[PDB]
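Novice: Input structure: entry.pdb, which contains PDB, C-alpha atoms and all ligand atoms.
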MODEL        1
ATOM      1  CA  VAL A   1      35.867  59.909 -91.835  1.00  0.00           C
ATOM      2  CA  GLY A   2      36.482  62.025 -88.752  1.00  0.00           C
ATOM      3  CA  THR A   3      36.066  65.583 -87.453  1.00  0.00           C
ATOM      4  CA  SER A   4      36.079  67.204 -84.015  1.00  0.00           C
ATOM      5  CA  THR A   5      32.488  65.908 -83.577  1.00  0.00           C
ATOM      6  CA  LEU A   6      32.421  62.951 -86.002  1.00  0.00           C
ATOM      7  CA  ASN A   7      33.629  59.355 -85.932  1.00  0.00           C
ATOM      8  CA  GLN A   8      32.374  56.902 -88.550  1.00  0.00           C
ATOM      9  CA  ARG A   9      33.771  53.980 -90.540  1.00  0.00           C
ATOM     10  CA  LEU A  10      31.673  52.728 -93.457  1.00  0.00           C
ATOM     11  CA  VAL A  11      32.245  49.310 -95.022  1.00  0.00           C
ATOM     12  CA  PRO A  12      30.262  48.887 -98.287  1.00  0.00           C
ATOM     13  CA  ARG A  13      27.232  46.610 -97.951  1.00  0.00           C
ATOM     14  CA  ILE A  14      27.515  44.467-101.080  1.00  0.00           C
ATOM     15  CA  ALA A  15      24.139  42.911-101.859  1.00  0.00           C
ATOM     16  CA  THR A  16      22.096  41.903-104.871  1.00  0.00           C
ATOM     17  CA  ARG A  17      19.454  44.604-105.344  1.00  0.00           C
ATOM     18  CA  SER A  18      16.709  45.645-107.725  1.00  0.00           C
ATOM     19  CA  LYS A  19      17.383  47.978-110.634  1.00  0.00           C
ATOM     20  CA  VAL A  20      16.575  51.658-110.061  1.00  0.00           C
ATOM     21  CA  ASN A  21      17.335  54.044-112.944  1.00  0.00           C
ATOM     22  CA  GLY A  22      18.790  51.039-114.760  1.00  0.00           C
ATOM     23  CA  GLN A  23      21.429  50.450-112.049  1.00  0.00           C
ATOM     24  CA  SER A  24      21.171  48.154-109.023  1.00  0.00           C
ATOM     25  CA  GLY A  25      24.237  49.337-107.117  1.00  0.00           C
ATOM     26  CA  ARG A  26      23.400  51.926-104.459  1.00  0.00           C
ATOM     27  CA  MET A  27      25.166  55.063-103.242  1.00  0.00           C
ATOM     28  CA  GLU A  28      24.503  56.327 -99.698  1.00  0.00           C
ATOM     29  CA  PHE A  29      25.542  59.969 -99.266  1.00  0.00           C
ATOM     30  CA  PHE A  30      26.502  61.772 -96.051  1.00  0.00           C
ATOM     31  CA  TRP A  31      26.827  65.330 -94.766  1.00  0.00           C
ATOM     32  CA  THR A  32      28.588  67.018 -91.851  1.00  0.00           C
ATOM     33  CA  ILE A  33      28.726  70.531 -90.423  1.00  0.00           C
ATOM     34  CA  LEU A  34      32.431  71.399 -90.318  1.00  0.00           C
ATOM     35  CA  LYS A  35      32.888  74.212 -87.813  1.00  0.00           C
ATOM     36  CA  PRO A  36      35.480  76.953 -88.457  1.00  0.00           C
ATOM     37  CA  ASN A  37      39.035  75.908 -87.577  1.00  0.00           C
ATOM     38  CA  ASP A  38      37.979  72.233 -87.723  1.00  0.00           C
ATOM     39  CA  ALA A  39      39.354  69.595 -90.116  1.00  0.00           C
ATOM     40  CA  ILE A  40      37.588  66.624 -91.701  1.00  0.00           C
ATOM     41  CA  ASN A  41      39.982  63.735 -92.370  1.00  0.00           C
ATOM     42  CA  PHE A  42      38.919  61.255 -95.046  1.00  0.00           C
ATOM     43  CA  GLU A  43      40.607  57.855 -95.052  1.00  0.00           C
ATOM     44  CA  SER A  44      39.338  55.253 -97.537  1.00  0.00           C
ATOM     45  CA  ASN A  45      40.766  52.478 -99.701  1.00  0.00           C
ATOM     46  CA  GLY A  46      37.589  52.060-101.755  1.00  0.00           C
ATOM     47  CA  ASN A  47      34.016  53.118-102.548  1.00  0.00           C
ATOM     48  CA  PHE A  48      34.843  56.778-101.767  1.00  0.00           C
ATOM     49  CA  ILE A  49      32.509  59.228-103.514  1.00  0.00           C
ATOM     50  CA  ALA A  50      34.856  62.027-102.565  1.00  0.00           C
TER      51      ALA A  50
ATOM     52  CA  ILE B   1      20.281  24.753 -90.469  1.00  0.00           C
ATOM     53  CA  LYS B   2      23.137  23.293 -92.510  1.00  0.00           C
ATOM     54  CA  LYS B   3      22.587  19.919 -94.183  1.00  0.00           C
ATOM     55  CA  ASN B   4      25.347  17.312 -93.816  1.00  0.00           C
ATOM     56  CA  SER B   5      28.022  19.811 -92.614  1.00  0.00           C
ATOM     57  CA  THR B   6      27.567  22.381 -95.364  1.00  0.00           C
ATOM     58  CA  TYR B   7      25.658  25.693 -95.564  1.00  0.00           C
ATOM     59  CA  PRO B   8      25.697  27.101 -99.125  1.00  0.00           C
ATOM     60  CA  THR B   9      24.861  30.732 -99.766  1.00  0.00           C
ATOM     61  CA  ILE B  10      21.111  31.322-100.006  1.00  0.00           C
ATOM     62  CA  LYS B  11      20.529  33.022-103.375  1.00  0.00           C
ATOM     63  CA  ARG B  12      16.776  33.703-103.224  1.00  0.00           C
ATOM     64  CA  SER B  13      14.542  36.361-104.763  1.00  0.00           C
ATOM     65  CA  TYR B  14      10.810  37.115-105.026  1.00  0.00           C
ATOM     66  CA  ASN B  15       9.041  39.548-107.351  1.00  0.00           C
ATOM     67  CA  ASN B  16       5.937  41.022-105.637  1.00  0.00           C
ATOM     68  CA  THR B  17       3.614  39.929-108.500  1.00  0.00           C
ATOM     69  CA  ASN B  18       0.641  40.906-106.266  1.00  0.00           C
ATOM     70  CA  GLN B  19       0.022  44.580-107.207  1.00  0.00           C
ATOM     71  CA  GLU B  20      -0.781  44.768-103.450  1.00  0.00           C
ATOM     72  CA  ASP B  21       2.060  45.718-101.071  1.00  0.00           C
ATOM     73  CA  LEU B  22       3.761  42.815 -99.302  1.00  0.00           C
ATOM     74  CA  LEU B  23       5.254  42.634 -95.797  1.00  0.00           C
ATOM     75  CA  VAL B  24       8.261  40.296 -96.039  1.00  0.00           C
ATOM     76  CA  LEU B  25       9.533  39.120 -92.637  1.00  0.00           C
ATOM     77  CA  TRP B  26      12.888  37.528 -91.834  1.00  0.00           C
ATOM     78  CA  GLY B  27      15.484  37.608 -89.083  1.00  0.00           C
ATOM     79  CA  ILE B  28      19.067  36.998 -88.016  1.00  0.00           C
ATOM     80  CA  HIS B  29      20.191  34.504 -85.367  1.00  0.00           C
ATOM     81  CA  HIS B  30      22.724  35.563 -82.704  1.00  0.00           C
ATOM     82  CA  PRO B  31      24.339  32.402 -81.256  1.00  0.00           C
ATOM     83  CA  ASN B  32      25.809  32.476 -77.768  1.00  0.00           C
ATOM     84  CA  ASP B  33      29.282  31.295 -78.826  1.00  0.00           C
ATOM     85  CA  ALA B  34      31.190  30.260 -81.946  1.00  0.00           C
ATOM     86  CA  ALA B  35      30.515  26.639 -80.955  1.00  0.00           C
ATOM     87  CA  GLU B  36      26.790  27.255 -81.431  1.00  0.00           C
ATOM     88  CA  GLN B  37      27.660  29.025 -84.687  1.00  0.00           C
ATOM     89  CA  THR B  38      29.648  26.022 -85.944  1.00  0.00           C
ATOM     90  CA  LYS B  39      27.087  23.529 -84.603  1.00  0.00           C
ATOM     91  CA  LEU B  40      24.353  25.168 -86.729  1.00  0.00           C
ATOM     92  CA  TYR B  41      26.344  26.918 -89.508  1.00  0.00           C
ATOM     93  CA  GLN B  42      29.692  25.580 -90.722  1.00  0.00           C
ATOM     94  CA  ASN B  43      30.763  29.075 -91.868  1.00  0.00           C
ATOM     95  CA  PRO B  44      32.297  30.950 -88.860  1.00  0.00           C
ATOM     96  CA  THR B  45      31.942  34.497 -90.261  1.00  0.00           C
ATOM     97  CA  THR B  46      28.460  34.922 -91.752  1.00  0.00           C
ATOM     98  CA  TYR B  47      26.172  37.628 -93.115  1.00  0.00           C
ATOM     99  CA  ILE B  48      22.632  38.359 -94.300  1.00  0.00           C
ATOM    100  CA  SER B  49      22.629  40.827 -97.226  1.00  0.00           C
ATOM    101  CA  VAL B  50      19.000  41.633 -98.111  1.00  0.00           C
ATOM    102  CA  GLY B  51      18.146  44.114-100.843  1.00  0.00           C
ATOM    103  CA  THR B  52      15.118  45.724-102.493  1.00  0.00           C
ATOM    104  CA  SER B  53      14.542  48.849-104.582  1.00  0.00           C
ATOM    105  CA  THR B  54      14.450  50.919-101.354  1.00  0.00           C
ATOM    106  CA  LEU B  55      16.599  48.690 -99.095  1.00  0.00           C
ATOM    107  CA  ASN B  56      20.281  47.873 -98.693  1.00  0.00           C
ATOM    108  CA  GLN B  57      21.018  45.941 -95.512  1.00  0.00           C
ATOM    109  CA  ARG B  58      23.908  43.639 -94.585  1.00  0.00           C
ATOM    110  CA  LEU B  59      23.493  42.048 -91.149  1.00  0.00           C
ATOM    111  CA  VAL B  60      26.431  40.217 -89.585  1.00  0.00           C
ATOM    112  CA  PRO B  61      25.521  38.185 -86.466  1.00  0.00           C
ATOM    113  CA  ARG B  62      26.441  39.319 -82.954  1.00  0.00           C
ATOM    114  CA  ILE B  63      27.956  36.508 -80.895  1.00  0.00           C
ATOM    115  CA  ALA B  64      27.906  37.401 -77.203  1.00  0.00           C
ATOM    116  CA  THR B  65      27.312  35.625 -73.924  1.00  0.00           C
ATOM    117  CA  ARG B  66      23.811  36.625 -72.811  1.00  0.00           C
ATOM    118  CA  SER B  67      21.296  35.986 -70.065  1.00  0.00           C
ATOM    119  CA  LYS B  68      18.829  33.137 -70.514  1.00  0.00           C
ATOM    120  CA  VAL B  69      15.333  34.282 -71.539  1.00  0.00           C
ATOM    121  CA  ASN B  70      12.760  31.514 -72.059  1.00  0.00           C
ATOM    122  CA  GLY B  71      15.570  29.098 -71.208  1.00  0.00           C
ATOM    123  CA  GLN B  72      17.661  30.206 -74.204  1.00  0.00           C
ATOM    124  CA  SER B  73      20.569  32.658 -74.284  1.00  0.00           C
ATOM    125  CA  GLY B  74      20.893  33.155 -78.029  1.00  0.00           C
ATOM    126  CA  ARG B  75      18.879  35.990 -79.555  1.00  0.00           C
ATOM    127  CA  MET B  76      16.974  36.440 -82.806  1.00  0.00           C
ATOM    128  CA  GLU B  77      16.441  39.889 -84.337  1.00  0.00           C
ATOM    129  CA  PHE B  78      13.549  40.055 -86.813  1.00  0.00           C
ATOM    130  CA  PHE B  79      13.193  42.566 -89.656  1.00  0.00           C
ATOM    131  CA  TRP B  80      10.478  43.695 -92.060  1.00  0.00           C
ATOM    132  CA  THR B  81      10.051  45.591 -95.320  1.00  0.00           C
ATOM    133  CA  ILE B  82       7.116  46.699 -97.456  1.00  0.00           C
ATOM    134  CA  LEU B  83       7.806  45.168-100.871  1.00  0.00           C
ATOM    135  CA  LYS B  84       6.091  47.374-103.432  1.00  0.00           C
ATOM    136  CA  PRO B  85       4.410  45.829-106.497  1.00  0.00           C
ATOM    137  CA  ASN B  86       6.912  44.884-109.210  1.00  0.00           C
ATOM    138  CA  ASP B  87       9.813  45.135-106.739  1.00  0.00           C
ATOM    139  CA  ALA B  88      12.012  42.155-105.848  1.00  0.00           C
ATOM    140  CA  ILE B  89      13.573  41.335-102.460  1.00  0.00           C
ATOM    141  CA  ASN B  90      16.865  39.466-102.889  1.00  0.00           C
ATOM    142  CA  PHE B  91      18.109  37.455 -99.906  1.00  0.00           C
ATOM    143  CA  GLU B  92      21.790  36.516 -99.805  1.00  0.00           C
ATOM    144  CA  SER B  93      23.056  34.817 -96.641  1.00  0.00           C
ATOM    145  CA  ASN B  94      25.583  32.147 -95.651  1.00  0.00           C
ATOM    146  CA  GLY B  95      24.372  31.685 -92.074  1.00  0.00           C
ATOM    147  CA  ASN B  96      22.042  32.700 -89.262  1.00  0.00           C
ATOM    148  CA  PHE B  97      19.200  33.215 -91.772  1.00  0.00           C
ATOM    149  CA  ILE B  98      15.686  32.967 -90.330  1.00  0.00           C
ATOM    150  CA  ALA B  99      14.315  32.881 -93.841  1.00  0.00           C
TER     151      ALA B  99
HETATM  152  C1  LIG O 101      42.938  73.380 -88.348  1.00  0.00           C
HETATM  153  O1  LIG O 101      42.208  72.317 -87.762  1.00  0.00           O
HETATM  154  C2  LIG O 101      42.692  71.928 -86.464  1.00  0.00           C
HETATM  155  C3  LIG O 101      41.824  70.780 -86.021  1.00  0.00           C
HETATM  156  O2  LIG O 101      41.924  69.704 -86.945  1.00  0.00           O
HETATM  157  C4  LIG O 101      42.646  73.114 -85.506  1.00  0.00           C
HETATM  158  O3  LIG O 101      43.223  72.726 -84.262  1.00  0.00           O
HETATM  159  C5  LIG O 101      43.439  74.278 -86.085  1.00  0.00           C
HETATM  160  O4  LIG O 101      43.352  75.407 -85.229  1.00  0.00           O
HETATM  161  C6  LIG O 101      42.908  74.628 -87.471  1.00  0.00           C
HETATM  162  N1  LIG O 101      43.631  75.653 -88.197  1.00  0.00           N
HETATM  163  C7  LIG O 101      44.634  76.431 -87.789  1.00  0.00           C
HETATM  164  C8  LIG O 101      45.814  76.500 -88.708  1.00  0.00           C
HETATM  165  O5  LIG O 101      44.586  77.076 -86.746  1.00  0.00           O
HETATM  166  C1  LIG O 102      27.757  13.902 -96.115  1.00  0.00           C
HETATM  167  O1  LIG O 102      28.524  13.613 -94.957  1.00  0.00           O
HETATM  168  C2  LIG O 102      29.388  12.467 -95.092  1.00  0.00           C
HETATM  169  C3  LIG O 102      30.096  12.305 -93.766  1.00  0.00           C
HETATM  170  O2  LIG O 102      30.979  11.186 -93.783  1.00  0.00           O
HETATM  171  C4  LIG O 102      30.354  12.662 -96.256  1.00  0.00           C
HETATM  172  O3  LIG O 102      31.112  11.470 -96.437  1.00  0.00           O
HETATM  173  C5  LIG O 102      29.573  12.953 -97.529  1.00  0.00           C
HETATM  174  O4  LIG O 102      30.450  13.210 -98.618  1.00  0.00           O
HETATM  175  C6  LIG O 102      28.654  14.153 -97.329  1.00  0.00           C
HETATM  176  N1  LIG O 102      27.963  14.421 -98.575  1.00  0.00           N
HETATM  177  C7  LIG O 102      26.667  14.230 -98.836  1.00  0.00           C
HETATM  178  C8  LIG O 102      25.931  15.418 -99.376  1.00  0.00           C
HETATM  179  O5  LIG O 102      26.112  13.150 -98.659  1.00  0.00           O
HETATM  180  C1  LIG O 103      10.269  42.313-110.985  1.00  0.00           C
HETATM  181  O1  LIG O 103      11.195  42.993-110.155  1.00  0.00           O
HETATM  182  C2  LIG O 103      12.013  43.944-110.863  1.00  0.00           C
HETATM  183  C3  LIG O 103      12.983  44.505-109.855  1.00  0.00           C
HETATM  184  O2  LIG O 103      13.844  43.487-109.360  1.00  0.00           O
HETATM  185  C4  LIG O 103      11.139  45.025-111.491  1.00  0.00           C
HETATM  186  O3  LIG O 103      11.960  45.881-112.281  1.00  0.00           O
HETATM  187  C5  LIG O 103      10.083  44.384-112.379  1.00  0.00           C
HETATM  188  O4  LIG O 103       9.178  45.358-112.879  1.00  0.00           O
HETATM  189  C6  LIG O 103       9.305  43.327-111.600  1.00  0.00           C
HETATM  190  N1  LIG O 103       8.280  42.675-112.391  1.00  0.00           N
HETATM  191  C7  LIG O 103       8.435  42.030-113.549  1.00  0.00           C
HETATM  192  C8  LIG O 103       7.181  41.485-114.158  1.00  0.00           C
HETATM  193  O5  LIG O 103       9.529  41.882-114.085  1.00  0.00           O
ENDMDL
END
Now, as a test, write the supplied structure out as structure tokens.
Specialist:
Amino acid sequence: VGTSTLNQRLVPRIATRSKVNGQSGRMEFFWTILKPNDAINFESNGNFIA
Amino acid sequence: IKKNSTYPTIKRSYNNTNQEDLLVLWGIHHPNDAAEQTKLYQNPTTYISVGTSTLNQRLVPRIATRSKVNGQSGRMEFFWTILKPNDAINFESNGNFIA
């Protein structure tokens, strides 16, 4: 993902984990302040909670 | 360290039976070149994927030439987590694992 003030690539950390709410896979969410007249460019080939 | 010339993946887990919180300590080795990686761990590209109820952490090593401290250039980063009661910590590593 990338904006005027963002640069981050996020590989998924596959790992055996304990069950929480009956599911052991995790889901790490993100947020960004997109200024006016500023684009956020998503580029993923997997794991993208769009 | 690998036995013979083989380092199988370390599938280990531990339920915190003790209803008392548990501080589980481990670490990741950072060898000074790929030769020290191969000398200790036959797998060139390695990882340490630990996981608990409130943890998700994959740690690749960091091979870099470094200054000698205590007569040793390779580094060793240690980690910690509070394992709650009835919560399991699942270690999964194919190298560099200071178990
Ligand atoms: C759309 O975003 C770009 C930056 O990605 C910005 O330069 C441009 O001004 C924005 N919109 C328009 C059409 O002006
Ligand atoms: C151990 O290493 C030797 C090296 O010659 C090899 O022949 C043998 O198959 C290996 N296996 C074990 C676990 O003994
Ligand atoms: C063992 O750990 C799991 C999480 O991996 C947890 O759900 C469970 O309550 C713990 N204790 C027992 C007795 O199964």
Novice: When you look at region 32-44 of chain A with a cut-off of 7 Å (counting all atoms listed in the file), what residues show up, excluding the ones that are within fewer than 2 positions of it in the same chain? I need them as number ranges by chain.
Specialist: A: 1-4, 46, 48
Novice: For chain B, list the residues within 10 Å of chain A, counting only C-alpha atoms, and write the list as a PyMOL selection string.
Specialist: chain B and resi 11-13+15+48-59+86-93
Novice: Could you write out the selected residues, including C-alpha atoms, as a PDB file, in the coordinates of the input?
Specialist:
ATOM      1  CA  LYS B  11      20.529  33.022-103.375  1.00  0.00           C
ATOM      2  CA  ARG B  12      16.776  33.703-103.224  1.00  0.00           C
ATOM      3  CA  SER B  13      14.542  36.361-104.763  1.00  0.00           C
ATOM      4  CA  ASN B  15       9.041  39.548-107.351  1.00  0.00           C
ATOM      5  CA  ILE B  48      22.632  38.359 -94.300  1.00  0.00           C
ATOM      6  CA  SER B  49      22.629  40.827 -97.226  1.00  0.00           C
ATOM      7  CA  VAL B  50      19.000  41.633 -98.111  1.00  0.00           C
ATOM      8  CA  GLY B  51      18.146  44.114-100.843  1.00  0.00           C
ATOM      9  CA  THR B  52      15.118  45.724-102.493  1.00  0.00           C
ATOM     10  CA  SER B  53      14.542  48.849-104.582  1.00  0.00           C
ATOM     11  CA  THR B  54      14.450  50.919-101.354  1.00  0.00           C
ATOM     12  CA  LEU B  55      16.599  48.690 -99.095  1.00  0.00           C
ATOM     13  CA  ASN B  56      20.281  47.873 -98.693  1.00  0.00           C
ATOM     14  CA  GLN B  57      21.018  45.941 -95.512  1.00  0.00           C
ATOM     15  CA  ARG B  58      23.908  43.639 -94.585  1.00  0.00           C
ATOM     16  CA  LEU B  59      23.493  42.048 -91.149  1.00  0.00           C
ATOM     17  CA  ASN B  86       6.912  44.884-109.210  1.00  0.00           C
ATOM     18  CA  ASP B  87       9.813  45.135-106.739  1.00  0.00           C
ATOM     19  CA  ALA B  88      12.012  42.155-105.848  1.00  0.00           C
ATOM     20  CA  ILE B  89      13.573  41.335-102.460  1.00  0.00           C
ATOM     21  CA  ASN B  90      16.865  39.466-102.889  1.00  0.00           C
ATOM     22  CA  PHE B  91      18.109  37.455 -99.906  1.00  0.00           C
ATOM     23  CA  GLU B  92      21.790  36.516 -99.805  1.00  0.00           C
ATOM     24  CA  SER B  93      23.056  34.817 -96.641  1.00  0.00           C
TER      25      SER B  93
END
Novice: Enter the distance from CA of residue 41 (chain B) to CA of residue 80 (chain B), in Å, rounded to one decimal.
Specialist: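 Going from CA of residue 41 (chain B) over to CA of residue 80 (chain B), I get 23.2 Å.
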Novice: If you count all atoms listed in the file, which residues fall within 8 Å of residue 75 (chain B), apart from same-chain ones fewer than 6 positions away, as JSON, numbers by chain?
Specialist: {"B": [29, 30, 31, 32]}
Novice: Would you compute the box with edges along x, y and z of the file around ligand LIG 103 (chain O), including every atom the file lists for it and 3 Å extra on each side, and give its centre and edge lengths in Å to one decimal, as lines of an AutoDock Vina configuration file?
Specialist:
center_x = 10.5
center_y = 43.7
center_z = -111.8
size_x = 12.7
size_y = 10.4
size_z = 10.8
Novice: Which residues fall under the PyMOL selection byres (((chain B and resi 3) around 12) and not hetatm) in this file, as an MDAnalysis selection string?
Specialist: chainID B and resid 1:2 4:8 39:42
Novice: Report the distance between CA of residue 99 (chain B) and CA of residue 25 (chain B) in Å, rounded to one decimal place.
Specialist: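 Spanning CA of residue 99 (chain B) to CA of residue 25 (chain B) is a straight-line distance of 8.0 Å.
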Novice: What does the distance from CA of residue 94 (chain B) to CA of residue 10 (chain A) come to in Å, to one decimal?
Specialist: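 It comes out at 21.6 Å.
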